[PDB]
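So you know, we letter chains A, B, ... as the sequences are listed, proteins then strands, and number each from 1. The analysis underlying the following values was restricted to heavy atoms, covering all of them including side chains, and did not include hydrogens, waters or symmetry mates.
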Amino acid sequence: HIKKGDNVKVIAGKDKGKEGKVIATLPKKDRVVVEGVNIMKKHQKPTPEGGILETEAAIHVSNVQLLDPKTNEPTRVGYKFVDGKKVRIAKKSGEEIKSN
RNA sequence: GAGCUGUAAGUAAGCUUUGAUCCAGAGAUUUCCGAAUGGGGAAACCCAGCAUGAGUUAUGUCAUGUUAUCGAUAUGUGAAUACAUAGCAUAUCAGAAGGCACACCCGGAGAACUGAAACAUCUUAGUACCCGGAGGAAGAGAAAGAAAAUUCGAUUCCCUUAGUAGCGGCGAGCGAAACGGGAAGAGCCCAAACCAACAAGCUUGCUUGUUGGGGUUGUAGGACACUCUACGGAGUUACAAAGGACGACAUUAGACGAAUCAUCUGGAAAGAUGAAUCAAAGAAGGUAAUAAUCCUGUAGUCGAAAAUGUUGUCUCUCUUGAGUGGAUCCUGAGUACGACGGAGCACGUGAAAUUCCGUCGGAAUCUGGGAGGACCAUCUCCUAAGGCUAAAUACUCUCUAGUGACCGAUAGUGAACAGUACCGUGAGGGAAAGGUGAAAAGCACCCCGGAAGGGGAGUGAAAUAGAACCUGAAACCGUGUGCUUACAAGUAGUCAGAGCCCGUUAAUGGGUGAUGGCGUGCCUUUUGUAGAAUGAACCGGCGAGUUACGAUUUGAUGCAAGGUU
RNA sequence: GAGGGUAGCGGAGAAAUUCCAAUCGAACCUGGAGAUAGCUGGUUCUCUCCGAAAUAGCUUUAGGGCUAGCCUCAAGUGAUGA
RNA sequence: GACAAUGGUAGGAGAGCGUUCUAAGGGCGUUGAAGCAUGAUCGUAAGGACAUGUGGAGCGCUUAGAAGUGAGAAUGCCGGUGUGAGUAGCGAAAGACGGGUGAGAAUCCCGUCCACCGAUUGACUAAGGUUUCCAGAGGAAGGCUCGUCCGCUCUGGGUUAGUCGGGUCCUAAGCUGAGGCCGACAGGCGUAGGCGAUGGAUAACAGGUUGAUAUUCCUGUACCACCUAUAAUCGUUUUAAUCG
RNA sequence: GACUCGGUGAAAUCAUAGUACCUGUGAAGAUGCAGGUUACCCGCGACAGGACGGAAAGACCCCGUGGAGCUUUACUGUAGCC
Ligand SMILES: [Mg+2]
């Protein structure tokens with residue numbers, strides 16, 4: 001489960017192996033947007049004259065994995081209660097720095 | 001615990017880590033109509049009285065309360081009539097009224113088509129429909145019983161008895177019960193004798209009334225007579241009733257939750273190939289193809305501020321129990337029964353006992369009364385004419401969790417997008433209509449054209465996936481061609497056969513057809529159909545011996561004087 | 001002309017079986033209800049073996065039914081068949 | 001191996017083909033499943049393969065089990081598409097020409113001439129309908145042809161009351177009806193009283209003005225109810241003026 | 001109106017049709033059968049002899065132990081009345 005500012009890795013699709021970072025979330029369809037991944041080309045009409053534009057489209061969230069902060073490998077995520085508050089762990093190391 | 005302002009996409013303007021949107025519990029607000037209730041009315045509107053209040057020099061206006069009819073409880077008053085009464089008035093209370101899944105239950109009233117190869121007794125059937133009353137169940141229920149043993153011991157339901165006994169234009173048909181095996185199990189309160197009080201007549205004797213206590217039954221019990229005895233038991237599901245404490249579970253939101261990498265093909269891998277790992281988890285669904293190890297989850301474990309629902313332990317609240325005498329007193333009256341007319345009991349009034357309704361008659365009192373299928377005698381069993389009662393049983397418009405050798409868009413609900421289009425004055429009847437792609441990346445720009453449409457370019461793995469969007473059959477409509485046809489008489493094929501054109505699942509091949517022989521569609525129904533007898537415009541989809549319970553016979557299999565529940 | 005009344009086992013009729021929502025020897029709608037139909041129509045893949053009847057008798061029977069005759073399958077007996 | 005048999009309707013008997021689903025086993029599939037199309041293939045029949053094109057994610061085989069298990073006919077039910085056929089019809093009637101607009105004009109707009117109704121094809125008010133009304137834009141469908149037009153599509157607008165017609169007034173027929181009478185239930189009737197116009201009562205006229213309203217808006221001049229002030233007349237409130 | 005040209009454009013019906021006549025034959029009145037006799041291929045305007053032409057599961061007739069309305073000294077009841 002990934003937040004808005006993390007640094008992830010793509011594990012499925014055309015762009016498998018790229019890193020990028022998250023910029024949008026869309027939780028109702030569970031599809032994130034990652035920079036430089038899944039780029040599309042739109043035909044926009046004049047609204048100024050338009051033309052072909054390139055932006056990123058959303059990818060399904062289960063095609064993305066976080067990176068172990070220490071060893072820098074993909075990992076799943078668990079939870080832990082500290083100070084009576086929930087944090088994220090890397091299933092291969094300790095705490096996971098996710099402030100922004 | 002990071003996004004959010006419905007389906008619902010946009011833009012704008014905003015909200016949110018000082019915790020939003022979202023989920024559960026509890027509150028607040030809740031226009032008008034509708035039983036509709038201040039009066040009226042063509043529902044969703046019109047018109048008022050009274051009391052407060054705002055406003056106005058004052059009217060008009062506005063705001064908030066209250067005002068139906070029956071019923072209950074008080075008070076006052078009182079007609080024909082003197083007292084009285086019927087009424088009348090005022091004030092408190094809020095008892096009824098309407099609706100439903102009203103499926104199942106209990107009552108009132110109650111058909112016909114049909115079967116009997118016609119039809120009337122009978123049957124369909126106490127069924128459909130209509131009306132009333134209710135509950136989570138209702139009804140029944142504690143022997144005036146069943147029986148004929150050496151008896152049993154409230155009611156209801158299941159299996160058997162058994163398609164037996166019986167009933168029946170003895171026709172068609174209708175059709176039990178006791179015994180036996182089980183589920184469940186529970187018993188109680190009055191009326192009366194009597195006693196103690198209070199009260200009115202009365203003459204203080206009696207009568208009657210009110211409260212309380214007592215007391216409840218059959219091999220007779222209780223009153224009375226007498227002799228032996230006391231707070232432990234009981235309880236809100238009947239048996240009398242209220243309410244507190246502290247607990248324990250279960251709902252109604254949730255939380256944590258093990259383990260995988262690489263290459264090949266490809267738009268994309270979960271597939272193939274290779275090497276690993278978890279398992280109290282290899283249920284399931286998603287993810288760009290088919291995943292135990294990517295996501296949501298699963299096995300397992302944890303969790304409640306608040307409100308409900310159960311359930312314990314205290315509290316609480318009630319309350320003596322035996323024996324002998326047995327026939328002095330009490331023990332349910334217009335009742336039980338009878339006659340006449342009907343109905344219900346499996347039973348058609350009959351050998352009809354047994355049980356109810358209408359109209360008339362009308363008992364007995366323990367040496368009593370009732371039943372044991374007319375009646376009599378003896379035996380046996382019971383004790384009517386007052387009431388209450390859980391469980392085992394029936395149903396599903398709903399809610400929660402699941403299941404299927406159930407359907408897959410003409411199917412499955414009428415309805416996957418609707419009791420809506422539409423039809424009818426009305427009651428009422430009642431459709432058709434699912435699928436782009438993995439992702440909108442939904443075709444910038446150029447050209448012809450008023451536009452609609454199109455050709456390029458571009459997106460995409462694919463655009464003969466372009467929104468009339470998965471696949472895209474047949475009828476039907478066209479364009480181009482290889483062979484053939486303007487002297488010919490036809491159910492349109494078949495057998496023989498030159499010429500011309502091609503070249504296959506490669507075998508004594510394929511297309512066309514000058515000319516010759518033979519040849520009156522199909523189905524149904526008939527003695528007999530080319531029939532001028534019936535049916536079909538054509539193509540597609542849909543459309544007719546099934547299932548339950550009995551009987552009989554055959555095959556198979558197990559055991560055998562036994563077999564089987 | 002407007003506002004009203006009479007309703008199907010019924011109403012209305014200067015009378016015709018006449019009218020009661022383009023329908024009347026008994027309106028329309030929903031239910032009993034899949035009424036009943038000894039009558040007509042229909043009833044869906046293939047091959048192999050055998051193969052009738054259109055007649056007695058009774059029948060509120062005559063284009064229906066029942067028993068017998070004639071077909072088929074299985075087992076049995078054994079000259080009973082032509 | 002020898003010998004024999006083998007037409008067939010009602011109808012009896014036997015052996016099989018194919019469809020959907022389930023169980024167990026064993027397989028195939030993005031190097032392309034089902035479906036669809038074509039072929040000169042195999043089996044005694046129902047039927048089974050293989051190859052190529054299209055298609056884009058599921059499906060066979062073996063043994064056994066279970067059935068909504070097979071269509072050419074029912075004046076069958078639903079959908080689609082033909083034939084008749086470029087055929088019948090295009091719903092009472094008088095138009096002609098010039099100019100305009102437009103991609104496009106017999107059919108739209110403007111003008112002149114001609115024609116038809118005129119106890120009416122003219123002008124008012126009711127029922128009934130319910131936005132059809134007006135302006136700007138449009139031309140896919142509707143309009144029995146056409147269309148630049150429209151009662152059609154889109155966007156935005158439009159209905160003004162003390163006196164007009166209803167209510168805050170009255171009653172007819174009829175309908176309801178507190179108490180009441182009757183009735184298996186449901187309910188039927190009816191007294192006082194209510195409701196109910198098609199009738200009775202009841203105060204406003206002339207002119208101006210919009211694309212769309214007018215006795216309603218504006219100007220002028222009126223009338224009718226009700227309330228408060230300013231007042232002559234008011235004189236126990238019997239009476240008196242007053243009201244009743 | 002019909003007929004020719006421009007616009008628009010249905011319907012009943014329909015087993016498939018390359019659909020002649022005569023004398024016969026035949027379920028006894030033939031475009032489809034036999035033996036002959038006629039006839040080059042394709043339209044348009046007209047006529048009504050045949051296709052037992054279309055339309056409506058004959059209303060006449062008979063049958064069904066089918067319905068309904070009406071009558072009476074048919075059978076059985078019954079509202080009422082005495
Ligand atoms: Mg064609």
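Between B/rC294, B/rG257, B/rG442, one nucleotide has an atom nearer to the side chain of A/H43 than all others, and that is B/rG442. Ranking B/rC256, B/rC4, B/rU459 by closeness to the A/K41 side chain, first place goes to B/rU459. For A/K3, taking side-chain heavy atoms from C-beta onward, the closest of the listed nucleotides B/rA255, B/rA2, B/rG3 is B/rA2. The listed nucleotides are B/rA444, B/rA2, B/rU287; the one nearest the side chain of A/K45 is B/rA444. In the set B/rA441, B/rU287, B/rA269, B/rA269 carries the atom at the smallest distance from any side-chain atom of A/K16. The A/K14 side chain lies nearest to B/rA288 when the options are B/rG3, B/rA444, B/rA288. Closest approach to the A/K91 side chain among B/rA255, B/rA2, B/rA258 is made by B/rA258 (side chain taken as heavy atoms from C-beta onward). Considering only the side chain of A/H60, B/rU287 comes nearest among B/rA269, B/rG458, B/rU287.
Partner assigned to D/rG174 is D/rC195, using Watson-Crick or G-U wobble distances below 3.5 angstrom. For B/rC379, the paired base is B/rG372 (Watson-Crick or G-U wobble, both distances below 3.5 Å). When both pairing distances are held under 3.5 Å, D/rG14 makes a Watson-Crick or G-U pair with C/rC47. When both distances must be under 3.5 Å, the Watson-Crick or G-U wobble mate of B/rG201 is B/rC206. If you check B/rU227 for Watson-Crick or wobble pairing at under 3.5 angstrom, you find it paired to B/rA322. Base pairing analysis places D/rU30 opposite nothing; no Watson-Crick or G-U wobble pair with both distances below 3.5 Å involves it. Base pairing of B/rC329: its partner is B/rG222, meeting the Watson-Crick or G-U wobble criterion (both donor-acceptor distances under 3.5 Å). Base-pair partner of E/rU4: not found among the strands shown (Watson-Crick or G-U wobble, both distances under 3.5 Å).
With both distances under 3.5 Å, B/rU310 pairs with B/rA248 in Watson-Crick or G-U wobble fashion. Between D/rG53 and D/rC36, both key atom distances fall under 3.5 Å, giving a Watson-Crick or G-U wobble pair. With both atom-pair distances required to fall under 3.5 Å, no Watson-Crick or G-U wobble pair links B/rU494 to B/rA140. Pairing status of B/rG368 against B/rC294: not a Watson-Crick or G-U wobble pair with both distances under 3.5 Å. Between D/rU228 and D/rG25 there is no Watson-Crick or G-U wobble pairing whose two distances both come in under 3.5 Å. In this structure, B/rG19 forms no base pair with B/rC93 under the Watson-Crick or G-U wobble definition at 3.5 Å. Nucleotides B/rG163 and B/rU217 fail the pairing criterion: they make neither a Watson-Crick nor a G-U wobble pair with both donor-acceptor distances under 3.5 Å.
Under a stacking criterion requiring six-membered ring centres under 5.5 Å apart and planes under 30°, the adjacent bases D/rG72 and D/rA73 are classed as stacked. For the consecutive pair D/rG18/D/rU19, the pyrimidine-type rings sit with centres less than 5.5 Å apart and planes less than 30° apart, qualifying as a stack. Neighbouring bases B/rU301 and B/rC302 form a stack, their six-membered ring centres lying under 5.5 angstrom apart with planes under 30 degrees. Both conditions, centre separation below 5.5 angstrom and plane angle below 30 degrees, hold for the six-membered rings of B/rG115 and B/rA116.
Taking atom P on both B/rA241 and B/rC189, the two are 13 Å apart, rounded to the nearest angstrom. The same atom, P, is picked in B/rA457 and in B/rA262; the two are 41 Å apart, to the nearest Å. B/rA474 sits 34 Å from B/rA507 when the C1' atoms are compared, rounded to a whole Å. Using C1' as the reference atom, E/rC44 and D/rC113 are 45 Å apart when rounded to the nearest Å. Nucleotides D/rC36 and D/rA10, compared at atom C1', are 45 Å apart to the nearest Å. Spacing between B/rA281 and B/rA259 at atom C1', rounded to whole Å, works out to 10 Å.
A/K80 comes within 4.0 angstrom of nothing in the nucleic acid, heavy atoms only. Within the 4.0 angstrom heavy-atom criterion, no nucleotide atom of any strand lies near A/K9. Using a 4.0 Å heavy-atom criterion, one finds that A/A12 contacts the sugar-phosphate atoms exclusively.
Closest non-hydrogen pair, A/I2 versus A/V22, comes out as CD1-CG2, 3.9 Å. A pairwise comparison of heavy atoms in A/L67 and A/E96 identifies O-OE2, 4.4 Å as the closest pair. The two residues A/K91 and A/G78 have their closest heavy-atom pair at CD-N, 3.7 Å.
The CD atom of A/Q44 sits 18 Å away from the P atom of B/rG458 (whole-angstrom rounding). Here B/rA255 presents its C1' atom at 15 Å from NE2 of A/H1, a figure rounded to the nearest Å. For the pair A/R88 CZ and B/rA2 P, the computed distance is 9 Å after rounding to whole Å. If you measure from atom CD1 of A/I52 to atom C1' of B/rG460, you get 14 Å, rounded to the nearest angstrom. A/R76 places its CZ atom 11 Å from the P atom of B/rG257, with the value rounded to the nearest Å. Whole-Å rounding puts the A/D15 CG to B/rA438 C1' distance at 14 Å. Rounded to an integer number of Å, the gap from A/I39 CD1 to B/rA288 P is 18 Å. Distance A/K29 NZ to B/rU7 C1': 16 Å, rounded to the nearest Å.
Between A/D6 and A/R88, at least one side-chain nitrogen of the basic residue sits less than 4.0 Å from a carboxylate oxygen of the acidic one, meeting the salt-bridge criterion.
Considering only heavy atoms from C-beta on, A/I59 stays 4.5 Å or farther from A/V33 through its side chain. Side-chain contact between A/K9 and A/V64: absent, with no pair of heavy atoms (C-beta onward) separated by less than 4.5 Å.
Base orientation of E/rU73: anti, since the glycosidic angle falls outside 90° of 0.
Side chain of A/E56 to backbone of A/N38: no donor-acceptor contact under 3.5 angstrom is found. Looking only at distances, no side-chain donor or acceptor of A/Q44 sits under 3.5 Å from a matching main-chain atom of A/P46.
Sugar conformation, C/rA2: north. The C1'-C2'-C3'-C4' torsion carries a positive sign. Evaluation of the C1'-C2'-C3'-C4' torsion of B/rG180 gives a positive value and hence a north sugar.
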